[PDB]
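One structure is given here, and the rest of the page talks about it.
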Amino acid sequence: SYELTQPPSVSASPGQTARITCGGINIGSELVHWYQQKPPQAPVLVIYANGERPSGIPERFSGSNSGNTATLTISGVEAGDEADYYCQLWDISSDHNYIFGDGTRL
Amino acid sequence: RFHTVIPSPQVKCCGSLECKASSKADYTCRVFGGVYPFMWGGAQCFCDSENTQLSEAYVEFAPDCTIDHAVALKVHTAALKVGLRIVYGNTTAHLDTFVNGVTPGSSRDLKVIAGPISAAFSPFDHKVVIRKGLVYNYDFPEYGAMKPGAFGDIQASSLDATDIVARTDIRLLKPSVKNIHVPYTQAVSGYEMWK
Amino acid sequence: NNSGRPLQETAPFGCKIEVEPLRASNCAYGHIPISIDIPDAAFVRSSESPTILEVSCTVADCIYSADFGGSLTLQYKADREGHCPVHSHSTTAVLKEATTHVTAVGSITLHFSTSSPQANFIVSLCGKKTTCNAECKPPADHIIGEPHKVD
Amino acid sequence: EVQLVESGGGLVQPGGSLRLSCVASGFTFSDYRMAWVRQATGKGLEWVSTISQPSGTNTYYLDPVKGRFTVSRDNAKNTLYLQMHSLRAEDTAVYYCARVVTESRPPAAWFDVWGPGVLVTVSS
Amino acid sequence: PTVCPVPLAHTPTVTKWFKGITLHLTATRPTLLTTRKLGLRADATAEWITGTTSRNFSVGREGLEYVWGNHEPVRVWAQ
Amino acid sequence: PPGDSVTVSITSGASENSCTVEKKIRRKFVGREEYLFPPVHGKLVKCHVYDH
Amino acid sequence: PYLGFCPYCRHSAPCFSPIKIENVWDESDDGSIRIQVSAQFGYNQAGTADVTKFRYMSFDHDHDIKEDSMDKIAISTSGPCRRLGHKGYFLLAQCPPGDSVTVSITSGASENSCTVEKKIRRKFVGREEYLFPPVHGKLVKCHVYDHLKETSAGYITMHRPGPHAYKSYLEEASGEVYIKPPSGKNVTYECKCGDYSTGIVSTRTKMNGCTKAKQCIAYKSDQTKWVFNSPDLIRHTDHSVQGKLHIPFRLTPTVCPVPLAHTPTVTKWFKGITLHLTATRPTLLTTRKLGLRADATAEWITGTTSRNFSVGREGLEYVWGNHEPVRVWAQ
Amino acid sequence: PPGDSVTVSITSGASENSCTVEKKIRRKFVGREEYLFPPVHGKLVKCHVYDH
């Protein structure tokens with residue numbers, strides 16, 4: 001069973017780039033998906049499969065995955081980016097379970 | 001001469017794939033239905049029918065264009081400058097001056113004004129091409145007006161420039177044999193034909 | 001070595017030479033006189049055919065091309081609902097439709113192909129005839145992959 | 001428009017039962033896998049169950065909710081369902097019905113469409 | 001007897017003028033173009049081509065037919 | 001490969017007995033396009049080849 | 001060290017071999033040619049640099065990487081090609097003109113060869129054709145591949161390996177599907193027999209509801225490699241650029257020797273010259289008036305001959321092969 | 001065989017030392033008819049060849 005850890009919070013004023021990290025053993029061998037949520041609204045997918053995005057996501061959002069770390073990189077932060085973000089993957093060798101990360105706040 | 005990169009194919013073998021738009025040079029891509037490709041095991045799919053495939057291709061500069069490449073130039077009024085050796089009385093002088101009737105050449109006590117030329121001339125046509133030190137008075141197409149199979153089919157602001165623009169008249173064909181592959185046909189490198 | 005070109009790409013009139021048996025296929029030339037003994041059961045008496053009380057024709061934008069490059073509209077008042085057949089009485093104009101469902105009142109749009117700059121001809125619906133007149137422009141398109149349906 | 005609307009939530013005693021529903025519109029309900037996902041107040045997202053397509057033959061559940069919660073589907077009325085038995089206090093949460101978009105290779109599934117969610121409370 | 005694979009030549013680019021066409025052609029290898037009028041005279045022409053080029057062919061109202069390599073016969077009719 | 005003559009040679013060690021006879025063989029193709037090799041993608045047209 | 005779908009294997013037909021040539025370059029002025037294949041040359045199993053041996057893709061179901069030596073690789077177009085260097089995917093060799101190129105690994109009787117068409121011509125530099133750069137001649141600016149194996153003509157992007165399915169992984173018995181991974185290996189399986197269902201199994205594993213092996217697929221979870229973006233392989237969904245390796249043997253500038261043609265014999269008449277010429281090989285004569293018209297003429301010559309060229313009072317210029325320009329003025 | 005250069009190679013194991021020099025050697029015949037090989041039957045005409 002894979003465990004996902006993200007920093008509980010990340011602080012960034014508008015203008016620069018913000019990196020949020022998902023930690024878990026050997027997660028570079030799997031495909032990560034980052035979901036963005038504003039409570040109480042439902043989460044929205046922003047990254048899937050480590051490298052691509054649904055339609056409508058601005059060009060600033062990007063994702064990467066390698067070894068023991070996946071990373072969501074958000075260039076040019078703004079006020080609207082202040083939200084919560086969940087790392088997620090689908091580990092199927094553990095009976096098709098969908099593991100989410102603890103979450104990070106911008 | 002352009003290098004035709006044909007990316008690795010993609011199959012969604014009982015879903016659907018559609019045509020996305022990229023910014024690559026002469027980017028071409030298309031969708032096939034039932035194909036059922038084989039790679040080494042004799043089958044690479046489940047749901048053999050309704051087996052959509054995305055086929056794609058585009059072009060870049062060759063890795064060897066760093067040496068063998070032509071550059072396109074628009075020439076203007078030809079400025080003529082002359083190196084000159086004189087002797088007067090006992091003393092001589094060397095000096096380099098423009099021919100316009102305006103620019104003076106000077107040697108440290110002497111002034112001279114030269115020009116304009118009696119009969120203007122320029123052996124360079126307005127449109128010229130340079131390759132490895134060799135000049136041609138070739139009417140190359142304007143930037144953005146790439147024509148397949150003609151000189152300047154591939155254009156860019158510089159060799160390292162990422163704004164590679166092309167219309168090579170590439171078209172990708174439907175796969176026939178059971179083995180996975182991408183068939184396509186492409187027009188000859190107009191750079192090579194001009195060469 | 002010196003057999004030359006076989007007739008598969010040299011036969012005039014563009015008709016394919018098929019072997020076993022030797023023959024030339026789909027070979028367009030001249031004309032064929034035909035006479036047909038149509039059965040009378042196919043016919044229907046004029047009384048049950050929906051007789052049309054009046055019609056007028058309006059030629060839409062028409063162009064004399066090999067294809068059905070023109071359109072027209074017939075506005076009609078009839079007495080009942082049926083399936084009148086429509087025919088062009090022009091040798092230089094051919095309709096895209098043979099018969100249409102007709103109501104007591106309304107208008108029907110139709111298509112046609114012509115070879116004349118002037119479409120100034122007659123059309124008959126359930127027998128009753130009407131002339132209409134318009135100028136067909138030069139074919140804006142220049143080459144097409146289907147033959148001229150009109151001489 | 002693609003839309004998912006949940007209904008049937010509310011208050012229930014521990015050990016009770018409930019039938020949560022999710023009506024679907026704007027797409028082919030039979031063509032996609034569906035899932036129920038859960039979020040407790042102040043907590044992250046935790047997956048509850050998935051039901052396959054088109055007949056939903058194979059169904060998967062989270063470990064504590066096996067044997068008590070059962071997910072079902074009806075393609076005629078385009079409706080997903082989750083029946084809960086023997087409810088427990090920490091079942092209190094907002095439940096969302098979400099589509100599952102899965103790709104054959106590499107096996108990878110994600111949620112593209114989420115319903116607004118509805119709140120079930122389990123308290124005495 | 002059996003079946004053998006044969007290549008697909010370049011698809012011409014037709015440039016049309018009044019009662020005539022200009023076919024732009026590319027064939028790195030020898031490729032056979034055969035044309036024939038569809039009237040009382042075939043006026044059949046055959047030619048093996050290499051390189052890239054262009055051919056001007058008059059097209060009458062009766063029409064014209066051409067085969068470019070192994071490709072299927074293509075027929076046209078002028079106005 | 002093509003050539004102007006055909007040669008058959010039996011090599012019993014250094015005893016390399018070879019017989020050569022003239023015969024002009026050329027690269028012959030089928031269809032309306034010349035090619036070295038049967039293309040991976042192509043129309044399957046009627047040809048006649050020796051049975052292995 | 002993957003395998004590509006070579007169009008011409010040993011016997012006659014296309015097949016999937018480690019030695020597929022994917023592209024070929026011949027722009028070097030000496031006739032040297034750069035080739036690229038799917039094998040990794042100069043490398044052992046783990047990839048450690050060692051010229052004497054190379055790794056490449058195997059013909060088995062566990063489909064590991066196996067190795068061989070430099071002696072066993074040969075290349076040929078018309079006659080045998082002599083290797084000049086090798087790094088990873090890329091080769092450089094000099095060899096005579098031909099219509100196609102072929103690379104062959106000869107593991108004893110197992111001689112596996114891949115051939116691809118490429119019209120390679122004897123190319124020279126300068127204004128005189130020649131078989132051989134002469135011992136004595138002008139040193140003219142030329143551009144030739146650098147034999148230094150640590151150079152870089154550019155870079156190439158590779159990605160994570162794509163699907164690699166097997167039916168030896170699958171097993172059919174009593175109309176039923178099982179997966180038999182190699183010992184101690186977690187193999188990812190996926191099937192659809194009605195419902196679509198996935199998983200990873202590390203041992204002999206049954207599946208239910210399945211009667212045909214064509215409906216299921218299995219493949220080892222391999223991300224321990226990087227594969228070039230080849231068209232002969234179905235790809236990974238995450239096809240991000242996961243690396244960049246150099247293109248050794250950069251096309252560097254240098255100087256090359258070119259021959260000195262015959263020194264002509266000029267025979268002159270009133271406002272015109274008659275130049276007597278010898279050139280055993282194709283030699284380029286270029287002449288031009290120096291007036292308001294150039295009237296430039298060019299000709300490639302073999303044998304001996306004589307050319308009558310009118311010369312005006314204004315004058316004339318000519319270049320005979322690589323010799324220096326010569327300028328004259330009539331009276 | 002006909003060629004554009006001539007090469008002599010000495011092969012002391014892997015030590016293969018070869019020297020090549022350009023010389024255009026063309027297939028040459030005698031008489032008034034081109035032929036690849038001396039015919040088994042034909043006229044006996046005066047010729048000059050290197051004595052073995």
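Each chain in the structure tokens gets a letter, A, B and so on, in the order shown; residues start at 1 in every chain, and ligands are counted from 1 in the order they appear.
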Problem - Expected answer as a list in words: chain B residues within 10 Å of chain D, only C-alpha atoms - result: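 In the required form, that comes to residues 11, 12, 13, 14, 15, 45 and 46 of chain B.
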- Would you return as a list in words the members of chain H that DSSP assigns to strand (DSSP E) on this structure's backbone? residues 3, 4, 5, 6, 7, 8, 9, 10, 11, 12, 15, 16, 17, 18, 19, 20, 21, 22, 23, 24 and 25 of chain H
The selected residues should be written to file as a short mmCIF file (atom, residue, chain, number, x, y, z; two decimals), in the first residue's frame (atoms: N, CA, C and O atoms).
data_model
loop_
_atom_site.label_atom_id
_atom_site.label_comp_id
_atom_site.auth_asym_id
_atom_site.auth_seq_id
_atom_site.Cartn_x
_atom_site.Cartn_y
_atom_site.Cartn_z
N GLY H 3 37.50 -2.67 -62.79
CA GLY H 3 37.36 -1.74 -61.69
C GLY H 3 38.15 -0.47 -61.95
O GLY H 3 38.81 -0.33 -62.98
N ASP H 4 38.07 0.45 -60.98
CA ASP H 4 38.75 1.73 -61.07
C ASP H 4 40.01 1.82 -60.23
O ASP H 4 40.74 2.81 -60.35
N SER H 5 40.29 0.83 -59.38
CA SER H 5 41.50 0.82 -58.58
C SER H 5 41.93 -0.62 -58.36
O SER H 5 41.16 -1.56 -58.59
N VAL H 6 43.18 -0.79 -57.94
CA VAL H 6 43.75 -2.10 -57.64
C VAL H 6 44.32 -2.07 -56.24
O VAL H 6 44.98 -1.10 -55.84
N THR H 7 44.08 -3.14 -55.49
CA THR H 7 44.46 -3.24 -54.09
C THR H 7 45.16 -4.57 -53.86
O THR H 7 44.71 -5.60 -54.36
N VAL H 8 46.26 -4.53 -53.10
CA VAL H 8 46.95 -5.72 -52.63
C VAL H 8 46.93 -5.71 -51.11
O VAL H 8 47.31 -4.71 -50.49
N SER H 9 46.49 -6.82 -50.52
CA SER H 9 46.33 -6.94 -49.08
C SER H 9 47.10 -8.15 -48.57
O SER H 9 46.99 -9.24 -49.13
N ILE H 10 47.88 -7.94 -47.52
CA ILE H 10 48.57 -9.01 -46.80
C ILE H 10 47.89 -9.18 -45.45
O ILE H 10 47.71 -8.20 -44.71
N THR H 11 47.51 -10.42 -45.13
CA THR H 11 46.68 -10.73 -43.97
C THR H 11 47.47 -11.62 -43.02
O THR H 11 47.38 -12.85 -43.06
N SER H 12 48.25 -10.99 -42.14
CA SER H 12 48.90 -11.69 -41.03
C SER H 12 47.95 -11.68 -39.84
O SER H 12 48.03 -10.86 -38.93
N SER H 15 46.35 -8.50 -38.60
CA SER H 15 47.16 -7.48 -39.25
C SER H 15 46.92 -7.53 -40.76
O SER H 15 47.61 -8.25 -41.48
N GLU H 16 45.93 -6.78 -41.23
CA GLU H 16 45.55 -6.76 -42.63
C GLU H 16 46.02 -5.44 -43.24
O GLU H 16 45.32 -4.42 -43.16
N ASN H 17 47.21 -5.46 -43.84
CA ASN H 17 47.81 -4.28 -44.44
C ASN H 17 47.50 -4.28 -45.93
O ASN H 17 47.90 -5.20 -46.65
N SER H 18 46.80 -3.25 -46.39
CA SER H 18 46.36 -3.15 -47.78
C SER H 18 46.85 -1.85 -48.39
O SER H 18 46.79 -0.79 -47.75
N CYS H 19 47.34 -1.93 -49.62
CA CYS H 19 47.70 -0.75 -50.41
C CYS H 19 46.84 -0.71 -51.66
O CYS H 19 46.73 -1.71 -52.38
N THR H 20 46.24 0.45 -51.92
CA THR H 20 45.35 0.68 -53.05
C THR H 20 45.90 1.80 -53.92
O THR H 20 46.40 2.80 -53.39
N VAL H 21 45.80 1.64 -55.23
CA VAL H 21 46.21 2.66 -56.19
C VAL H 21 45.20 2.72 -57.32
O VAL H 21 44.72 1.68 -57.79
N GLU H 22 44.88 3.93 -57.76
CA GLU H 22 43.89 4.12 -58.82
C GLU H 22 44.44 3.62 -60.15
O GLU H 22 45.57 3.92 -60.53
N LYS H 23 43.61 2.86 -60.87
CA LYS H 23 43.92 2.45 -62.24
C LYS H 23 42.62 1.92 -62.84
O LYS H 23 42.04 0.97 -62.30
N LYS H 24 42.18 2.52 -63.94
CA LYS H 24 40.92 2.12 -64.57
C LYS H 24 41.19 0.89 -65.44
O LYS H 24 41.82 0.98 -66.50
N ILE H 25 40.74 -0.26 -64.97
CA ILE H 25 40.84 -1.53 -65.69
C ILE H 25 39.46 -1.88 -66.23
O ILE H 25 38.54 -2.15 -65.45
#
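Minimum distance to chain B across E:19, E:24, E:55, E:41 (counting only C-alpha atoms) occurs at E:24.
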Identify, on the basis of only C-alpha atoms, every residue whose closest approach to residue 64 (chain D) does not exceed 12 Å; exclude the query and any residue fewer than 5 positions from it along the same chain; express the result as a PDB file with N, CA and C atoms, in the first residue's frame.
ATOM      1  N   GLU D  46     -11.321  10.553   0.071  1.00  0.00           N
ATOM      2  CA  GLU D  46     -11.099   9.116   0.200  1.00  0.00           C
ATOM      3  C   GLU D  46     -12.080   8.390  -0.706  1.00  0.00           C
ATOM      4  N   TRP D  47     -11.565   7.438  -1.479  1.00  0.00           N
ATOM      5  CA  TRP D  47     -12.393   6.683  -2.408  1.00  0.00           C
ATOM      6  C   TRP D  47     -13.243   5.660  -1.662  1.00  0.00           C
ATOM      7  N   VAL D  48     -14.510   5.541  -2.063  1.00  0.00           N
ATOM      8  CA  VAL D  48     -15.449   4.597  -1.453  1.00  0.00           C
ATOM      9  C   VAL D  48     -15.642   3.361  -2.329  1.00  0.00           C
ATOM     10  N   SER D  49     -16.131   3.544  -3.556  1.00  0.00           N
ATOM     11  CA  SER D  49     -16.444   2.376  -4.378  1.00  0.00           C
ATOM     12  C   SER D  49     -16.442   2.746  -5.853  1.00  0.00           C
ATOM     13  N   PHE D  69     -21.667  -1.687   2.498  1.00  0.00           N
ATOM     14  CA  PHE D  69     -22.086  -0.785   1.436  1.00  0.00           C
ATOM     15  C   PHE D  69     -22.009  -1.507   0.097  1.00  0.00           C
ATOM     16  N   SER D  86     -25.699  -0.767   8.326  1.00  0.00           N
ATOM     17  CA  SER D  86     -24.907  -0.751   9.557  1.00  0.00           C
ATOM     18  C   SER D  86     -24.036   0.500   9.629  1.00  0.00           C
ATOM     19  N   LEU D  87     -24.676   1.655   9.471  1.00  0.00           N
ATOM     20  CA  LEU D  87     -23.940   2.908   9.387  1.00  0.00           C
ATOM     21  C   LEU D  87     -23.246   3.217  10.707  1.00  0.00           C
ATOM     22  N   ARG D  88     -22.149   3.963  10.615  1.00  0.00           N
ATOM     23  CA  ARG D  88     -21.272   4.239  11.742  1.00  0.00           C
ATOM     24  C   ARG D  88     -20.931   5.724  11.750  1.00  0.00           C
ATOM     25  N   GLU D  90     -18.380   7.767  11.823  1.00  0.00           N
ATOM     26  CA  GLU D  90     -17.443   8.422  10.917  1.00  0.00           C
ATOM     27  C   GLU D  90     -17.823   8.224   9.451  1.00  0.00           C
ATOM     28  N   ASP D  91     -18.941   7.555   9.165  1.00  0.00           N
ATOM     29  CA  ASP D  91     -19.509   7.629   7.824  1.00  0.00           C
ATOM     30  C   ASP D  91     -20.067   9.013   7.518  1.00  0.00           C
TER      31      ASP D  91
END
Would you list the contacts of region 149-158 of chain B as a count of residues only, taking every protein, DNA or RNA residue within 12 Å and counting only C-alpha atoms, but skipping same-chain residues closer than 3 positions in sequence? 57
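Taking CA of residue 276 (chain G) and CA of residue 292 (chain G) as the two end points, the separation is 27.4 Å.
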Margin query: Taking only C-alpha atoms into account and nothing else, which residues of chain F lie no more than 10 Å away from chain G? Please answer as a ChimeraX atom specification.
Written below: /F:36-40
For a quick test of understanding: name the residues of chain G lying within 7 Å of chain A when counting only C-alpha atoms, and present them as a PDB file with N, CA and C atoms, in the first residue's frame.
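Output (selection-v3.pdb):
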ATOM      1  N   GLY G 199      -4.712  -5.208 -13.398  1.00  0.00           N
ATOM      2  CA  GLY G 199      -4.045  -5.661 -12.194  1.00  0.00           C
ATOM      3  C   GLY G 199      -2.578  -5.929 -12.444  1.00  0.00           C
ATOM      4  N   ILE G 200      -1.899  -6.325 -11.368  1.00  0.00           N
ATOM      5  CA  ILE G 200      -0.505  -6.752 -11.416  1.00  0.00           C
ATOM      6  C   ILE G 200      -0.405  -8.076 -10.673  1.00  0.00           C
ATOM      7  N   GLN G 223      10.226   0.392 -16.333  1.00  0.00           N
ATOM      8  CA  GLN G 223      10.665   1.760 -16.568  1.00  0.00           C
ATOM      9  C   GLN G 223      12.169   1.927 -16.380  1.00  0.00           C
ATOM     10  N   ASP G 238       2.636   8.894 -21.085  1.00  0.00           N
ATOM     11  CA  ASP G 238       3.515   9.976 -20.638  1.00  0.00           C
ATOM     12  C   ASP G 238       4.776   9.993 -21.501  1.00  0.00           C
ATOM     13  N   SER G 240       6.740  12.412 -22.215  1.00  0.00           N
ATOM     14  CA  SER G 240       7.525  13.606 -21.954  1.00  0.00           C
ATOM     15  C   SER G 240       8.989  13.337 -22.271  1.00  0.00           C
TER      16      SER G 240
END
Spatial neighbours of residue 42 (chain F), 8 Å, only C-alpha atoms, chain gap at least 2 places, as a short mmCIF file (atom, residue, chain, number, x, y, z; two decimals) with N, CA and C atoms, in the first residue's frame:
data_model
loop_
_atom_site.label_atom_id
_atom_site.label_comp_id
_atom_site.auth_asym_id
_atom_site.auth_seq_id
_atom_site.Cartn_x
_atom_site.Cartn_y
_atom_site.Cartn_z
N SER B 176 -1.57 -0.82 -43.58
CA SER B 176 -2.06 -1.98 -44.33
C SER B 176 -1.69 -3.30 -43.69
N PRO E 5 3.16 -6.70 -53.25
CA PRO E 5 2.92 -5.29 -52.91
C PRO E 5 3.66 -4.35 -53.86
N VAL E 6 2.96 -3.30 -54.27
CA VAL E 6 3.53 -2.28 -55.16
C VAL E 6 3.29 -0.90 -54.55
N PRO E 7 4.17 0.07 -54.78
CA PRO E 7 4.14 1.31 -53.99
C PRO E 7 3.02 2.25 -54.40
N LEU E 8 2.80 3.24 -53.54
CA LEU E 8 1.83 4.32 -53.76
C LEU E 8 2.61 5.58 -54.12
N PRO F 39 7.54 -2.62 -51.25
CA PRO F 39 7.28 -1.70 -50.14
C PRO F 39 6.47 -2.37 -49.04
N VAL F 40 6.68 -1.90 -47.80
CA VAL F 40 5.90 -2.41 -46.68
C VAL F 40 4.43 -2.07 -46.85
N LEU F 44 -1.85 -4.68 -53.27
CA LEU F 44 -1.59 -6.09 -53.51
C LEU F 44 -2.09 -6.43 -54.91
#
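The protein and nucleic acid residues lying at most 6 Å from residue 64 (chain E) are residues 37, 38, 59, 75 and 76 of chain E, with only C-alpha atoms considered and sequence neighbours fewer than 4 positions away removed.
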So that I have them on file, write out the residues from the current selection with N, CA and C atoms, as a CSV table (one decimal), in the first residue's frame.
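The result, stored in part_39.csv:
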chain,number,residue,atom,x,y,z
E,37,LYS,N,-7.8,10.5,-74.1
E,37,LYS,CA,-9.0,11.2,-74.3
E,37,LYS,C,-10.2,10.2,-74.4
E,38,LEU,N,-11.4,10.7,-74.0
E,38,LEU,CA,-12.6,9.8,-73.9
E,38,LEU,C,-13.5,10.1,-75.1
E,59,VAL,N,-7.9,19.4,-71.9
E,59,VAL,CA,-9.1,18.6,-71.5
E,59,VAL,C,-10.3,19.2,-72.3
E,75,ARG,N,-11.0,10.4,-64.0
E,75,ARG,CA,-11.7,11.0,-65.2
E,75,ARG,C,-12.2,12.4,-64.9
E,76,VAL,N,-12.0,13.2,-65.9
E,76,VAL,CA,-12.4,14.6,-65.8
E,76,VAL,C,-13.2,15.0,-67.0
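CA of residue 62 (chain E) sits 28.1 Å away from CA of residue 60 (chain C).
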Chain G contacts to chain D at 8 Å (only C-alpha atoms) as a list in words: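 Close enough to count are residues 163, 190, 195, 196, 198, 199, 236 and 237 of chain G.
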Would you list the contacts of region 47-57 of chain G as number ranges by chain, taking every protein, DNA or RNA residue within 12 Å and counting only C-alpha atoms, but skipping same-chain residues closer than 5 positions in sequence? G: 1-4, 16-20, 37-42, 62-73, 85-89, 105, 149, 224-227
CA of residue 76 (chain B) and CA of residue 98 (chain B), how far apart in Å?
->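 We find that CA of residue 98 (chain B) and CA of residue 76 (chain B) lie 16.4 Å from each other.
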Give me the chain B side of the contact with chain G, cut-off 10 Å, one line per residue showing its nearest atom pair and distance in Å at one decimal, counting only C-alpha atoms, sorted by chain and residue number, as CSV.
residue,atom,partner,partner_atom,distance
B:3,CA,G:23,CA,9.8
B:5,CA,G:231,CA,9.1
B:6,CA,G:231,CA,6.3
B:7,CA,G:231,CA,5.8
B:8,CA,G:231,CA,4.1
B:9,CA,G:234,CA,5.5
B:10,CA,G:234,CA,6.2
B:11,CA,G:234,CA,7.8
B:37,CA,G:234,CA,9.3
B:38,CA,G:234,CA,9.6
B:39,CA,G:233,CA,7.2
B:40,CA,G:16,CA,7.1
B:41,CA,G:166,CA,5.1
B:42,CA,G:167,CA,8.3
B:43,CA,G:214,CA,7.5
B:44,CA,G:165,CA,6.4
B:45,CA,G:217,CA,7.4
B:46,CA,G:215,CA,4.8
B:47,CA,G:215,CA,7.0
B:48,CA,G:215,CA,8.5
B:55,CA,G:231,CA,9.8
B:56,CA,G:231,CA,9.8
B:57,CA,G:231,CA,9.9
B:62,CA,G:154,CA,9.0
B:63,CA,G:154,CA,5.4
B:64,CA,G:153,CA,6.5
B:65,CA,G:153,CA,9.3
B:66,CA,G:153,CA,8.2
B:67,CA,G:251,CA,7.3
B:68,CA,G:27,CA,8.2
B:121,CA,G:292,CA,9.5
B:123,CA,G:292,CA,9.9
B:132,CA,G:141,CA,9.9
B:179,CA,G:5,CA,8.5
B:180,CA,G:232,CA,6.6
B:181,CA,G:232,CA,5.5
B:182,CA,G:231,CA,6.7
B:183,CA,G:231,CA,9.8
With only C-alpha atoms counted and 10 Å as the cut-off, give the residues of chain E in contact with chain F, each with its shortest interatomic distance in Å and the pair that gives it, as JSON lines.
{"residue": "E:1", "atom": "CA", "partner": "F:48", "partner_atom": "CA", "distance": 4.3}
{"residue": "E:2", "atom": "CA", "partner": "F:47", "partner_atom": "CA", "distance": 5.5}
{"residue": "E:3", "atom": "CA", "partner": "F:46", "partner_atom": "CA", "distance": 4.7}
{"residue": "E:4", "atom": "CA", "partner": "F:44", "partner_atom": "CA", "distance": 5.2}
{"residue": "E:5", "atom": "CA", "partner": "F:44", "partner_atom": "CA", "distance": 4.6}
{"residue": "E:6", "atom": "CA", "partner": "F:42", "partner_atom": "CA", "distance": 4.7}
{"residue": "E:7", "atom": "CA", "partner": "F:42", "partner_atom": "CA", "distance": 4.5}
{"residue": "E:8", "atom": "CA", "partner": "F:42", "partner_atom": "CA", "distance": 5.9}
{"residue": "E:9", "atom": "CA", "partner": "F:33", "partner_atom": "CA", "distance": 7.6}
{"residue": "E:27", "atom": "CA", "partner": "F:33", "partner_atom": "CA", "distance": 8.7}
{"residue": "E:28", "atom": "CA", "partner": "F:34", "partner_atom": "CA", "distance": 9.3}
{"residue": "E:29", "atom": "CA", "partner": "F:34", "partner_atom": "CA", "distance": 5.7}
{"residue": "E:30", "atom": "CA", "partner": "F:34", "partner_atom": "CA", "distance": 5.2}
{"residue": "E:31", "atom": "CA", "partner": "F:33", "partner_atom": "CA", "distance": 4.3}
{"residue": "E:32", "atom": "CA", "partner": "F:32", "partner_atom": "CA", "distance": 5.3}
{"residue": "E:33", "atom": "CA", "partner": "F:32", "partner_atom": "CA", "distance": 8.2}
{"residue": "E:34", "atom": "CA", "partner": "F:32", "partner_atom": "CA", "distance": 9.8}
{"residue": "E:48", "atom": "CA", "partner": "F:33", "partner_atom": "CA", "distance": 8.7}
{"residue": "E:49", "atom": "CA", "partner": "F:33", "partner_atom": "CA", "distance": 9.3}
{"residue": "E:50", "atom": "CA", "partner": "F:34", "partner_atom": "CA", "distance": 9.8}
{"residue": "E:67", "atom": "CA", "partner": "F:32", "partner_atom": "CA", "distance": 9.6}
{"residue": "E:68", "atom": "CA", "partner": "F:32", "partner_atom": "CA", "distance": 8.2}
{"residue": "E:69", "atom": "CA", "partner": "F:32", "partner_atom": "CA", "distance": 4.8}
{"residue": "E:70", "atom": "CA", "partner": "F:32", "partner_atom": "CA", "distance": 5.4}
{"residue": "E:71", "atom": "CA", "partner": "F:43", "partner_atom": "CA", "distance": 8.9}
Quick one: which chain D residues come within 8 Å of chain A, and what is the nearest atom pair for each with the distance in Å to one decimal, counting only C-alpha atoms, rows ordered by chain and ascending number, as a Markdown table?
| residue | atom | partner | partner_atom | distance |
| --- | --- | --- | --- | --- |
| D:44 | CA | A:102 | CA | 6.3 |
| D:45 | CA | A:100 | CA | 6.5 |
| D:46 | CA | A:100 | CA | 6.7 |
| D:47 | CA | A:98 | CA | 6.2 |
| D:60 | CA | A:96 | CA | 7.3 |
| D:62 | CA | A:97 | CA | 7.2 |
| D:108 | CA | A:90 | CA | 6.4 |
| D:109 | CA | A:90 | CA | 6.7 |
| D:110 | CA | A:33 | CA | 7.4 |
| D:111 | CA | A:45 | CA | 7.2 |
| D:112 | CA | A:45 | CA | 6.5 |
| D:114 | CA | A:42 | CA | 6.6 |
| D:115 | CA | A:42 | CA | 7.4 |
| D:116 | CA | A:42 | CA | 6.1 |
| D:117 | CA | A:42 | CA | 7.5 |
